[PDB]
């Protein structure tokens, strides 16, 4: 399969064009539209890469076009660890789907934040806030595919099955790629020597949800998460031999481009995925 990567949360990690030109990733999730819902004006946060006021982040459409011409899929990730995002009602789900359509996908807005490129879909990295209406947000975004171009739906649930924020949304069957985060969660992640908490968790997910492909989400360096790091040699010798048997295996997802560069994790595992 391929490597999905999160880009956008450290200004020293290189441009989106530098990231796609690496030829290591097949999917890039742009990290974070971290404020929306509840009448808030939506705001994208891309750390030190650019300030979105007055179209500062509009240069990012160059990197999106570059990645797409190389067949890389590019999603805008909603959520993240830090932010006031929430949906207050089903009406709010409609209003947010609307904004996302016109500002990031095929609708139209004078003020598109990342510029004129049309992203491939929306990633759900919902970690806190309401557990409600995310299934409605996924339905309203799917319905836009009926106006000709396909909107991809991905989700990054953390590994406790079911995810309290994303379980109802995952049960619709509308998601294309699900990259389960097997880190910062001791009961389902790797701890030295023990591979059975992560494999056993992998089994609950690949047999329970109705989705296109499931990926093994990992931290790219011991510094990228509080816990959950797996050394390259353990991943390749002990975990991937078992999870690649699954027909739903899609590949591996890595939290952050930034850490991946410092640690050379992709460079170590790219042919085994």
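Residue numbers count along the first chain shown, from 1.
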Mean CA B-factor: is it higher for 96-104 or for 143-151?
-> 143-151
Between 251-259 and 15-23, name whichever shows the higher mean Cα B factor according to the PDB entry.
-> 15-23
Per the entry, which of 40, 208, 34, 29 tops the list for Cα B factor?
-> 208
For the C-alpha B-factor as written in the entry, point me to the maximum among 186, 193, 80, 167.
-> 193
For residue 71, the third of its chain into which the C-alpha B factor falls = lowest
Quick one: classify residue 136 as lowest, middle or highest third of the chain based on its Cα B-factor.
-> middle
In terms of the CA temperature factor given in the entry, to which third of its chain does residue 220 belong: lowest, middle or highest?
-> lowest
Temperature factor at the Cα of residue 111, chain-ranked in thirds, falls in the highest
Chain thirds by Cα B factor, record data; residue 197 belongs to the highest
